[PDB]
file run_22.txt (compact mmCIF, C-alpha atoms and all ligand atoms)
# COMPACT_ATOMS: atom_id res chain seq x y z
CA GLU P 4 51.76 -90.49 19.03
CA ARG P 5 51.69 -91.88 15.45
CA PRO P 6 48.31 -93.07 14.16
CA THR P 7 48.36 -96.08 11.81
CA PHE P 8 48.12 -95.19 8.12
CA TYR P 9 46.59 -97.22 5.27
CA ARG P 10 46.95 -97.05 1.48
CA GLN P 11 44.37 -96.92 -1.31
CA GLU P 12 44.36 -95.82 -4.96
CA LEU P 13 41.68 -93.33 -6.03
CA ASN P 14 41.81 -92.50 -9.77
CA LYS P 15 45.55 -93.11 -10.42
CA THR P 16 46.54 -91.50 -7.08
CA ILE P 17 47.84 -93.23 -3.93
CA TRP P 18 46.12 -91.89 -0.81
CA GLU P 19 47.75 -92.69 2.53
CA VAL P 20 45.60 -91.57 5.47
CA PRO P 21 45.16 -92.43 9.18
CA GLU P 22 42.73 -95.25 10.05
CA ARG P 23 40.32 -92.73 11.54
CA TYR P 24 39.30 -91.58 8.06
CA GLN P 25 37.00 -94.08 6.38
CA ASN P 26 34.95 -94.40 3.19
CA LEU P 27 37.13 -92.06 1.16
CA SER P 28 35.21 -91.14 -1.95
CA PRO P 29 36.55 -88.72 -4.63
CA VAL P 30 34.51 -85.56 -5.01
CA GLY P 31 36.23 -82.91 -7.19
CA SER P 32 38.92 -82.49 -9.88
CA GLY P 33 40.79 -79.56 -8.25
CA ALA P 34 43.82 -77.63 -9.56
CA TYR P 35 45.96 -77.62 -6.38
CA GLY P 36 44.91 -81.10 -5.23
CA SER P 37 42.31 -83.86 -5.27
CA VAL P 38 39.51 -83.92 -2.71
CA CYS P 39 37.69 -86.83 -1.10
CA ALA P 40 34.62 -86.96 1.06
CA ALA P 41 35.40 -89.12 4.08
CA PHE P 42 34.00 -90.07 7.47
CA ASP P 43 36.12 -89.21 10.51
CA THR P 44 35.54 -91.99 13.03
CA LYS P 45 37.03 -90.01 15.95
CA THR P 46 34.88 -86.86 15.78
CA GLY P 47 31.90 -88.48 14.04
CA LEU P 48 32.09 -85.66 11.48
CA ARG P 49 31.75 -85.94 7.72
CA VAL P 50 34.97 -84.49 6.34
CA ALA P 51 36.62 -83.24 3.16
CA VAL P 52 40.23 -84.41 2.69
CA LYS P 53 42.59 -82.76 0.21
CA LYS P 54 45.88 -84.23 -1.03
CA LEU P 55 48.03 -81.33 -2.26
CA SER P 56 49.69 -82.28 -5.54
CA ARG P 57 53.26 -81.19 -6.38
CA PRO P 58 53.44 -79.05 -3.21
CA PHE P 59 57.22 -78.47 -3.28
CA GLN P 60 58.05 -78.59 -7.01
CA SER P 61 59.47 -75.05 -7.17
CA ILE P 62 60.22 -72.10 -4.84
CA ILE P 63 56.92 -70.49 -5.93
CA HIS P 64 54.77 -73.58 -5.25
CA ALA P 65 56.57 -74.39 -1.97
CA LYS P 66 55.93 -70.85 -0.69
CA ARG P 67 52.30 -71.13 -1.86
CA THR P 68 51.90 -74.42 0.02
CA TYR P 69 53.41 -72.83 3.15
CA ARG P 70 51.13 -69.77 2.84
CA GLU P 71 48.09 -72.00 2.27
CA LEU P 72 48.85 -74.04 5.39
CA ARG P 73 49.53 -70.88 7.46
CA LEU P 74 46.21 -69.26 6.46
CA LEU P 75 44.25 -72.44 7.20
CA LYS P 76 46.07 -73.17 10.47
CA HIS P 77 45.21 -69.63 11.54
CA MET P 78 41.57 -69.41 10.40
CA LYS P 79 39.50 -70.42 13.44
CA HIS P 80 35.99 -69.12 12.78
CA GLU P 81 32.55 -70.61 12.07
CA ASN P 82 32.10 -68.81 8.73
CA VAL P 83 35.64 -69.38 7.43
CA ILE P 84 37.00 -72.73 6.25
CA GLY P 85 39.58 -73.90 8.78
CA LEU P 86 41.53 -77.03 9.48
CA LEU P 87 40.20 -80.00 11.49
CA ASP P 88 43.45 -81.84 10.74
CA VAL P 89 46.64 -81.81 8.66
CA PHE P 90 48.93 -84.81 8.31
CA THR P 91 51.69 -86.56 6.38
CA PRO P 92 52.50 -90.29 6.20
CA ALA P 93 56.17 -89.25 6.39
CA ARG P 94 58.03 -90.14 9.59
CA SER P 95 60.80 -87.57 9.01
CA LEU P 96 61.72 -84.40 7.05
CA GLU P 97 63.86 -86.33 4.52
CA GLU P 98 60.88 -88.41 3.37
CA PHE P 99 58.37 -85.54 3.75
CA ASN P 100 56.66 -84.99 0.37
CA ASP P 101 52.90 -84.96 0.86
CA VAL P 102 50.48 -82.72 2.71
CA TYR P 103 46.90 -83.76 3.41
CA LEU P 104 44.30 -81.32 4.68
CA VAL P 105 41.08 -82.16 6.52
CA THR P 106 38.04 -79.88 6.98
CA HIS P 107 34.24 -79.97 7.39
CA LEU P 108 32.36 -81.51 4.46
CA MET P 109 30.10 -78.88 2.89
CA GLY P 110 27.10 -79.72 0.70
CA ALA P 111 27.33 -77.15 -2.12
CA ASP P 112 28.63 -73.73 -3.14
CA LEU P 113 26.38 -70.66 -3.24
CA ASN P 114 26.08 -71.01 -7.03
CA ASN P 115 24.38 -74.38 -6.60
CA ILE P 116 21.92 -72.66 -4.26
CA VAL P 117 21.03 -69.42 -6.11
CA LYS P 118 20.56 -71.47 -9.32
CA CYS P 119 18.24 -74.08 -7.76
CA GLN P 120 16.47 -72.24 -4.91
CA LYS P 121 14.18 -69.19 -4.75
CA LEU P 122 15.51 -67.07 -1.87
CA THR P 123 13.32 -65.22 0.66
CA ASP P 124 14.61 -61.96 2.15
CA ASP P 125 15.15 -63.95 5.38
CA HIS P 126 17.57 -66.38 3.69
CA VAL P 127 19.46 -63.47 2.07
CA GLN P 128 19.82 -61.85 5.51
CA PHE P 129 21.31 -65.00 7.04
CA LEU P 130 23.65 -65.74 4.12
CA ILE P 131 25.00 -62.17 3.78
CA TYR P 132 25.28 -61.79 7.57
CA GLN P 133 27.38 -64.96 7.60
CA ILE P 134 29.64 -63.64 4.84
CA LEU P 135 30.11 -60.36 6.73
CA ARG P 136 30.81 -62.15 10.03
CA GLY P 137 33.52 -64.18 8.28
CA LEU P 138 35.00 -61.11 6.57
CA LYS P 139 35.18 -59.08 9.78
CA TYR P 140 37.33 -61.95 11.05
CA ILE P 141 39.46 -62.23 7.88
CA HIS P 142 40.03 -58.45 7.66
CA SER P 143 40.91 -58.19 11.36
CA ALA P 144 43.84 -60.51 10.59
CA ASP P 145 44.98 -58.10 7.83
CA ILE P 146 44.06 -60.53 5.07
CA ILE P 147 42.20 -59.52 1.93
CA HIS P 148 40.29 -62.29 0.14
CA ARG P 149 40.49 -60.44 -3.24
CA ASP P 150 38.24 -62.95 -5.03
CA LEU P 151 34.96 -63.31 -3.16
CA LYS P 152 32.28 -64.88 -5.34
CA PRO P 153 29.50 -67.52 -5.02
CA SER P 154 31.82 -70.45 -5.98
CA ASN P 155 34.12 -69.47 -3.08
CA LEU P 156 31.23 -69.81 -0.64
CA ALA P 157 30.44 -73.20 0.84
CA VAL P 158 26.94 -73.82 2.19
CA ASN P 159 25.15 -76.77 3.76
CA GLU P 160 21.48 -77.72 4.25
CA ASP P 161 21.05 -75.52 7.37
CA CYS P 162 22.21 -72.57 5.20
CA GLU P 163 25.39 -72.42 7.30
CA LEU P 164 28.07 -70.73 5.20
CA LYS P 165 31.88 -70.77 5.16
CA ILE P 166 34.30 -68.58 3.18
CA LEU P 167 36.99 -70.35 1.14
CA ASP P 168 39.92 -70.02 -1.33
CA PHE P 169 41.77 -66.70 -0.91
CA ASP P 177 43.20 -65.64 -19.68
CA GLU P 178 41.14 -66.62 -16.60
CA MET P 179 39.84 -63.01 -16.34
CA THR P 180 38.79 -62.66 -20.00
CA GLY P 181 35.30 -62.56 -21.53
CA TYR P 182 31.78 -63.36 -20.29
CA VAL P 183 32.97 -65.26 -17.22
CA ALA P 184 31.86 -65.32 -13.57
CA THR P 185 35.52 -64.96 -12.53
CA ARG P 186 35.30 -61.15 -12.98
CA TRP P 187 31.66 -60.16 -12.33
CA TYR P 188 32.34 -59.67 -8.60
CA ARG P 189 35.70 -57.80 -8.71
CA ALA P 190 35.86 -54.20 -7.52
CA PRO P 191 36.61 -51.74 -10.37
CA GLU P 192 39.83 -50.53 -8.70
CA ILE P 193 41.21 -54.08 -8.45
CA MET P 194 39.93 -55.08 -11.92
CA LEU P 195 41.48 -52.05 -13.61
CA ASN P 196 44.44 -51.51 -11.23
CA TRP P 197 43.46 -47.95 -10.38
CA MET P 198 45.50 -47.80 -7.17
CA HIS P 199 46.98 -49.77 -4.27
CA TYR P 200 43.72 -51.47 -3.23
CA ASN P 201 42.58 -52.22 0.33
CA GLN P 202 40.34 -54.79 2.08
CA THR P 203 37.11 -53.02 1.04
CA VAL P 204 37.42 -54.71 -2.37
CA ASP P 205 35.73 -57.68 -0.65
CA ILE P 206 32.80 -55.47 0.41
CA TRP P 207 32.16 -54.66 -3.26
CA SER P 208 32.07 -58.42 -3.92
CA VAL P 209 29.52 -58.91 -1.11
CA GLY P 210 27.39 -56.17 -2.72
CA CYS P 211 27.36 -58.02 -6.07
CA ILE P 212 26.57 -61.33 -4.35
CA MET P 213 23.79 -59.84 -2.23
CA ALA P 214 22.16 -58.30 -5.32
CA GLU P 215 22.32 -61.61 -7.19
CA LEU P 216 20.64 -63.35 -4.25
CA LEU P 217 17.79 -60.79 -4.24
CA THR P 218 17.23 -60.50 -8.01
CA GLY P 219 18.32 -64.03 -9.00
CA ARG P 220 20.59 -62.63 -11.77
CA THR P 221 24.20 -61.42 -12.04
CA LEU P 222 24.43 -57.72 -11.19
CA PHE P 223 27.33 -56.83 -13.53
CA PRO P 224 27.60 -59.61 -16.14
CA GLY P 225 30.20 -57.73 -18.23
CA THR P 226 31.44 -59.42 -21.42
CA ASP P 227 34.92 -57.92 -20.83
CA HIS P 228 36.73 -55.42 -18.55
CA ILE P 229 35.44 -52.32 -20.41
CA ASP P 230 31.87 -53.55 -20.79
CA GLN P 231 31.78 -54.40 -17.09
CA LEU P 232 33.09 -50.98 -16.13
CA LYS P 233 30.28 -49.48 -18.23
CA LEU P 234 27.63 -51.58 -16.44
CA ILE P 235 29.09 -50.59 -13.07
CA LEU P 236 29.16 -46.84 -13.84
CA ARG P 237 25.65 -47.00 -15.29
CA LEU P 238 24.50 -47.88 -11.76
CA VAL P 239 26.95 -46.10 -9.44
CA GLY P 240 27.82 -43.10 -11.64
CA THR P 241 31.14 -41.95 -13.05
CA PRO P 242 33.95 -40.94 -10.60
CA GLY P 243 33.91 -37.46 -9.06
CA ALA P 244 36.89 -35.09 -8.86
CA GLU P 245 37.91 -36.46 -5.45
CA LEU P 246 38.02 -40.14 -6.53
CA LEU P 247 39.96 -39.16 -9.69
CA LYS P 248 42.77 -37.72 -7.52
CA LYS P 249 43.14 -41.09 -5.77
CA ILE P 250 43.45 -43.04 -9.03
CA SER P 251 47.26 -43.05 -9.20
CA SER P 252 47.29 -44.84 -12.57
CA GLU P 253 47.68 -42.09 -15.20
CA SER P 254 46.60 -44.55 -17.92
CA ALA P 255 43.39 -45.41 -16.04
CA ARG P 256 42.55 -41.82 -15.04
CA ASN P 257 42.95 -40.56 -18.61
CA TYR P 258 40.59 -43.27 -19.89
CA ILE P 259 37.88 -42.57 -17.27
CA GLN P 260 37.75 -38.86 -18.19
CA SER P 261 37.00 -39.87 -21.79
CA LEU P 262 33.62 -41.30 -20.73
CA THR P 263 30.41 -39.27 -20.72
CA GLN P 264 29.71 -38.45 -17.08
CA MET P 265 26.72 -40.12 -15.47
CA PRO P 266 24.85 -39.75 -12.19
CA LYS P 267 24.39 -42.53 -9.62
CA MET P 268 21.10 -44.35 -10.31
CA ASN P 269 18.34 -44.56 -7.71
CA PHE P 270 18.71 -48.07 -6.25
CA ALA P 271 15.06 -48.22 -5.15
CA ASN P 272 14.16 -48.09 -8.86
CA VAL P 273 16.62 -50.82 -9.87
CA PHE P 274 15.87 -53.43 -7.18
CA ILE P 275 12.07 -53.07 -7.23
CA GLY P 276 10.16 -54.76 -4.39
CA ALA P 277 13.22 -55.35 -2.22
CA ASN P 278 13.51 -54.69 1.53
CA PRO P 279 14.29 -50.92 1.79
CA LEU P 280 16.95 -51.80 4.40
CA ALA P 281 18.55 -54.17 1.89
CA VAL P 282 18.47 -51.33 -0.64
CA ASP P 283 20.18 -48.99 1.84
CA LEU P 284 22.91 -51.53 2.69
CA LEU P 285 23.56 -52.16 -1.03
CA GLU P 286 24.02 -48.41 -1.58
CA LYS P 287 26.66 -48.28 1.17
CA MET P 288 28.43 -51.36 -0.24
CA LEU P 289 28.42 -50.48 -3.94
CA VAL P 290 30.10 -47.10 -3.49
CA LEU P 291 32.61 -46.50 -6.27
CA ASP P 292 35.16 -44.84 -3.92
CA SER P 293 36.67 -47.62 -1.77
CA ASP P 294 37.44 -45.13 1.02
CA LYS P 295 33.72 -44.47 1.49
CA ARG P 296 32.54 -48.11 1.40
CA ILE P 297 30.98 -49.65 4.51
CA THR P 298 33.30 -52.07 6.31
CA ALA P 299 32.35 -55.59 7.42
CA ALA P 300 32.42 -54.57 11.12
CA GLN P 301 30.18 -51.59 10.34
CA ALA P 302 27.88 -53.64 8.07
CA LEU P 303 27.21 -56.14 10.88
CA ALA P 304 25.58 -53.30 12.87
CA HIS P 305 23.25 -52.30 9.99
CA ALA P 306 19.54 -52.56 10.88
CA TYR P 307 19.07 -55.08 8.03
CA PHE P 308 20.64 -57.72 10.32
CA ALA P 309 18.98 -56.70 13.63
CA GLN P 310 17.51 -60.23 13.82
CA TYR P 311 20.92 -61.97 13.59
CA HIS P 312 23.31 -59.28 14.89
CA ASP P 313 25.10 -60.31 18.10
CA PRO P 314 27.92 -57.88 19.13
CA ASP P 315 29.30 -60.41 21.66
CA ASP P 316 29.32 -63.23 19.07
CA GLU P 317 31.12 -61.58 16.14
CA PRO P 318 34.74 -62.34 17.11
CA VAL P 319 37.99 -61.02 15.64
CA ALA P 320 41.24 -62.87 14.81
CA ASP P 321 44.52 -63.54 16.63
CA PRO P 322 47.62 -61.71 15.29
CA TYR P 323 48.49 -63.11 11.87
CA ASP P 324 52.27 -63.06 11.42
CA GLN P 325 52.50 -62.46 7.68
CA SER P 326 56.14 -61.34 7.57
CA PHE P 327 57.15 -64.54 5.73
CA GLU P 328 55.90 -62.93 2.46
CA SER P 329 59.02 -60.71 2.24
CA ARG P 330 61.27 -63.75 2.61
CA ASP P 331 63.26 -65.17 -0.31
CA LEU P 332 64.10 -68.75 0.67
CA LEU P 333 65.15 -71.99 -1.05
CA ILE P 334 62.82 -74.95 -1.77
CA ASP P 335 64.17 -77.00 1.17
CA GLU P 336 63.72 -74.06 3.57
CA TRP P 337 60.05 -73.44 2.70
CA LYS P 338 59.45 -77.20 2.87
CA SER P 339 61.12 -77.36 6.31
CA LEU P 340 58.95 -74.46 7.52
CA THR P 341 55.93 -76.32 6.11
CA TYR P 342 56.92 -79.51 7.95
CA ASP P 343 57.20 -77.45 11.14
CA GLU P 344 53.60 -76.23 10.72
CA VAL P 345 52.42 -79.80 10.02
CA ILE P 346 53.90 -81.32 13.20
CA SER P 347 52.99 -78.27 15.32
CA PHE P 348 49.28 -78.56 14.46
CA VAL P 349 46.90 -78.86 17.42
CA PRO P 350 43.32 -79.95 16.59
CA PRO P 351 40.27 -77.92 17.74
CA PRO P 352 38.61 -78.86 21.06
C1 LIG V 1 37.89 -78.98 -5.08
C2 LIG V 1 36.38 -78.83 -5.13
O1 LIG V 1 35.85 -80.12 -5.40
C3 LIG V 1 34.86 -80.35 -4.47
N1 LIG V 1 33.76 -80.92 -4.96
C4 LIG V 1 32.79 -81.16 -4.08
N2 LIG V 1 31.64 -81.77 -4.63
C5 LIG V 1 30.49 -81.87 -3.74
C6 LIG V 1 29.49 -80.78 -4.07
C7 LIG V 1 30.14 -79.44 -3.93
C8 LIG V 1 30.50 -78.74 -5.06
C9 LIG V 1 31.11 -77.51 -4.94
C10 LIG V 1 31.36 -76.99 -3.70
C11 LIG V 1 31.00 -77.68 -2.56
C12 LIG V 1 30.39 -78.91 -2.69
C13 LIG V 1 31.26 -77.14 -1.20
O2 LIG V 1 31.69 -75.78 -1.28
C14 LIG V 1 32.56 -75.50 -2.37
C15 LIG V 1 32.88 -74.03 -2.32
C16 LIG V 1 33.89 -76.22 -2.24
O3 LIG V 1 31.97 -75.74 -3.65
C17 LIG V 1 29.86 -83.20 -4.06
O4 LIG V 1 29.83 -83.67 -5.19
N3 LIG V 1 29.36 -83.80 -2.93
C18 LIG V 1 28.71 -85.08 -3.01
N4 LIG V 1 32.89 -80.85 -2.78
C19 LIG V 1 34.04 -80.28 -2.40
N5 LIG V 1 34.16 -79.95 -1.03
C20 LIG V 1 33.20 -80.20 -0.09
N6 LIG V 1 33.47 -79.62 1.06
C21 LIG V 1 34.66 -78.97 0.87
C22 LIG V 1 35.38 -78.20 1.77
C23 LIG V 1 36.56 -77.65 1.32
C24 LIG V 1 36.99 -77.85 0.02
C25 LIG V 1 38.25 -77.25 -0.46
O5 LIG V 1 38.30 -76.87 -1.63
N7 LIG V 1 39.31 -77.12 0.41
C26 LIG V 1 40.27 -76.08 0.11
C27 LIG V 1 41.18 -75.69 1.25
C28 LIG V 1 40.71 -76.24 2.58
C29 LIG V 1 40.42 -77.69 2.43
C30 LIG V 1 40.84 -78.60 3.38
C31 LIG V 1 40.55 -79.93 3.21
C32 LIG V 1 39.84 -80.36 2.10
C33 LIG V 1 39.42 -79.45 1.16
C34 LIG V 1 39.71 -78.11 1.33
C35 LIG V 1 36.28 -78.61 -0.90
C36 LIG V 1 35.11 -79.16 -0.43
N8 LIG V 1 35.07 -80.00 -3.19
call {"tool": "encode", "arguments": {"input": "run_22.txt", "output": "structure tokens", "more": "lines below"}}
Ligand SMILES: CCOc1nc(N[C@@H](Cc2ccc3c(c2)COC(C)(C)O3)C(=O)NC)nc(-n2cnc3ccc(C(=O)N4CCCc5ccccc54)cc32)n1
result
Amino acid sequence: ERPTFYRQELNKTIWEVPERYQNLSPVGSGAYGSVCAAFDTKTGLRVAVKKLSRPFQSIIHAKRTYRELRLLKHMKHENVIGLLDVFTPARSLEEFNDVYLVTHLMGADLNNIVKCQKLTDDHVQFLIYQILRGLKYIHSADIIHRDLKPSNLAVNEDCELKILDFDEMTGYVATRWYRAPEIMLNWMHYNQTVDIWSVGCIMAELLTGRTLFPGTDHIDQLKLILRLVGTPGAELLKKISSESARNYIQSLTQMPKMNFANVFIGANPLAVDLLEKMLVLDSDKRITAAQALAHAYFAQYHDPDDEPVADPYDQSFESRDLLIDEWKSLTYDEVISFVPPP
């Protein structure tokens, strides 16, 4: 059952992978691992291989590693990054230290596309549709991304897209320009429609070519947002359980929702309509992914028999308070239990 492993050093790091993976070539200085481009001789696919660094250094990190592996083992969808392989050179649990992950090699993020390319309404349709198809799947598993943004979106030459990666929030930084107001300002217990807000921001950026809410801080970004969508009504104010947040909002001069047709001049009216149903301040009233797939803006791509949902995602491990060795053992279980796609 054991494939033969071989060793090589790639910038002060020993990589031990099965013989099937060839021409390993470093590609990105990550923060939870190093990543190589490789060629998988068995599938004939070009693959990305990640070596998780310090995966079991503390209870926190060992749980994170377990969670990571669980999410990826579970995500089986065309528009969501899943796992072609996972392996360890270790022959037993006692020597088990390293986790390697294998997935499809993707050419660029969406940032590297919207910066370089000029996007027709047709390309925007296909990209957004793909995001929504992936989200419908993610949300059906009771997972919220929380941080959808162009650098989390992998695209290749065919414009095929996959969703990825479910002080750093301070200033004029992309890290915050796509967050929903209620998650950015902790208004309430937020739901999965925070991701729909993010899609709205992304979609707008693809159409206009510029960031929709390039706030220079939390307050400035709120101001940009409300300038477009209007200040909260009485009903939405009730739902903002944070007394600190609610009191601040009421201090602002009230504003009406702007006419979107006047902001995004020249755009497809159907794109304008969809944006209006995505960028609704009240998260309860936002369009869902499943609903957005049926919007007439995607009538050319929409396929109700080819927009699948997810298997039950057993997430009950989150409540668990275990020791390092116990998370690591559960991780090892998920490693050896892995069955590749057909
Ligand atoms: C750490 C990032 O470093 C990095 N740099 C480059 N550089 C490319 C250009 C480029 C630049 C940015 C960029 C993309 C490309 C593609 O989409 C995204 C959004 C990544 O952004 C280049 O120079 N090619 C010449 N490519 C990649 N990469 C390429 N396919 C990847 C697939 C997944 C991931 C991954 O993170 N996971 C995480 C969990 C799942 C998993 C499982 C196994 C392995 C990695 C992973 C990384 C990938 N990662």
call {"tool": "closest_atom_pairs", "arguments": {"input": "run_22.txt", "of": "chain P", "to": "ligand LIG 1 (chain V)", "cutoff": "9 Å", "atoms": "all atoms listed in the file", "output": "CSV"}}
result
residue,atom,partner,partner_atom,distance
P:28,CA,V:LIG1,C18,8.9
P:29,CA,V:LIG1,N1,8.3
P:30,CA,V:LIG1,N1,4.7
P:31,CA,V:LIG1,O1,3.3
P:32,CA,V:LIG1,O1,5.9
P:33,CA,V:LIG1,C1,4.3
P:34,CA,V:LIG1,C1,7.6
P:35,CA,V:LIG1,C1,8.3
P:36,CA,V:LIG1,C1,7.3
P:37,CA,V:LIG1,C1,6.6
P:38,CA,V:LIG1,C1,5.7
P:39,CA,V:LIG1,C32,7.5
P:40,CA,V:LIG1,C20,7.0
P:50,CA,V:LIG1,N6,7.3
P:51,CA,V:LIG1,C32,4.4
P:52,CA,V:LIG1,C32,4.1
P:53,CA,V:LIG1,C32,4.1
P:54,CA,V:LIG1,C32,7.8
P:71,CA,V:LIG1,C27,7.9
P:72,CA,V:LIG1,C27,8.9
P:75,CA,V:LIG1,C28,7.0
P:84,CA,V:LIG1,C28,6.3
P:85,CA,V:LIG1,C28,6.7
P:86,CA,V:LIG1,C30,6.3
P:87,CA,V:LIG1,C30,8.3
P:88,CA,V:LIG1,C31,8.3
P:89,CA,V:LIG1,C31,8.4
P:103,CA,V:LIG1,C31,7.4
P:104,CA,V:LIG1,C31,4.3
P:105,CA,V:LIG1,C31,4.0
P:106,CA,V:LIG1,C31,4.5
P:107,CA,V:LIG1,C22,6.0
P:108,CA,V:LIG1,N6,4.0
P:109,CA,V:LIG1,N6,3.9
P:110,CA,V:LIG1,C12,4.8
P:111,CA,V:LIG1,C12,3.6
P:112,CA,V:LIG1,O3,3.9
P:113,CA,V:LIG1,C15,7.4
P:114,CA,V:LIG1,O3,8.3
P:115,CA,V:LIG1,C9,7.6
P:153,CA,V:LIG1,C15,7.8
P:154,CA,V:LIG1,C15,5.2
P:155,CA,V:LIG1,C15,4.8
P:156,CA,V:LIG1,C15,4.8
P:157,CA,V:LIG1,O2,3.6
P:158,CA,V:LIG1,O2,6.2
P:159,CA,V:LIG1,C13,7.9
P:164,CA,V:LIG1,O2,9.0
P:165,CA,V:LIG1,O2,8.2
P:166,CA,V:LIG1,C15,7.9
P:167,CA,V:LIG1,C15,6.5
P:168,CA,V:LIG1,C26,6.2
call {"tool": "atom_distance", "arguments": {"input": "run_22.txt", "atom1": "CA of residue 306 in chain P", "atom2": "CA of residue 163 in chain P"}}
result
21.0 Å
call {"tool": "residues_around", "arguments": {"input": "run_22.txt", "residues": "range 184-193 of chain P", "least_positions_apart": "4", "cutoff": "7 Å", "atoms": "all atoms listed in the file", "output": "list in words"}}
result
residues 150, 152, 179, 197, 198, 200, 204, 207, 208, 211, 223, 224, 225 and 232 of chain P
call {"tool": "write_last_selection", "arguments": {"input": "run_22.txt", "atoms": "C-alpha atoms", "output": "tab-separated table (two decimals), keeping the file's coordinate frame"}}
result
chain	number	residue	atom	x	y	z
P	150	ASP	CA	38.24	-62.95	-5.03
P	152	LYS	CA	32.28	-64.88	-5.34
P	179	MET	CA	39.84	-63.01	-16.34
P	197	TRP	CA	43.46	-47.95	-10.38
P	198	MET	CA	45.50	-47.80	-7.17
P	200	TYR	CA	43.72	-51.47	-3.23
P	204	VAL	CA	37.42	-54.71	-2.37
P	207	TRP	CA	32.16	-54.66	-3.26
P	208	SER	CA	32.07	-58.42	-3.92
P	211	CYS	CA	27.36	-58.02	-6.07
P	223	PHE	CA	27.33	-56.83	-13.53
P	224	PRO	CA	27.60	-59.61	-16.14
P	225	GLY	CA	30.20	-57.73	-18.23
P	232	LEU	CA	33.09	-50.98	-16.13
call {"tool": "residues_around", "arguments": {"input": "run_22.txt", "residues": "range 124-134 of chain P", "least_positions_apart": "5", "cutoff": "9 Å", "atoms": "all atoms listed in the file", "output": "list in words"}}
result
residues 81, 82, 83, 139, 156, 158, 162, 163, 164, 165, 166, 209, 212, 213, 216, 217, 277, 278, 281, 299, 302, 303, 307, 308, 310, 311 and 312 of chain P
call {"tool": "closest_residue", "arguments": {"input": "run_22.txt", "among": "P:116, P:265, P:333, P:102", "to": "residue 57 in chain P", "atoms": "all atoms listed in the file"}}
result
P:102
call {"tool": "residues_around", "arguments": {"input": "run_22.txt", "residues": "range 58-65 of chain P", "least_positions_apart": "2", "cutoff": "7 Å", "atoms": "all atoms listed in the file", "output": "ChimeraX atom specification"}}
result
/P:55-56,67-69,333-334,337-338
call {"tool": "atom_distance", "arguments": {"input": "run_22.txt", "atom1": "CA of residue 203 in chain P", "atom2": "CA of residue 296 in chain P"}}
result
6.7 Å
call {"tool": "residues_around", "arguments": {"input": "run_22.txt", "residues": "range 236-247 of chain P", "least_positions_apart": "3", "cutoff": "6 Å", "atoms": "only C-alpha atoms", "output": "VMD selection string"}}
result
chain P and resid 233 250 264 to 268
call {"tool": "closest_residue", "arguments": {"input": "run_22.txt", "among": "P:93, P:271, P:320, P:229", "to": "residue 181 in chain P", "atoms": "only C-alpha atoms"}}
result
P:229
call {"tool": "atom_distance", "arguments": {"input": "run_22.txt", "atom1": "CA of residue 231 in chain P", "atom2": "CA of residue 272 in chain P"}}
result
20.4 Å
call {"tool": "closest_residue", "arguments": {"input": "run_22.txt", "among": "P:321, P:344, P:227, P:160", "to": "residue 195 in chain P", "atoms": "all atoms listed in the file"}}
result
P:227
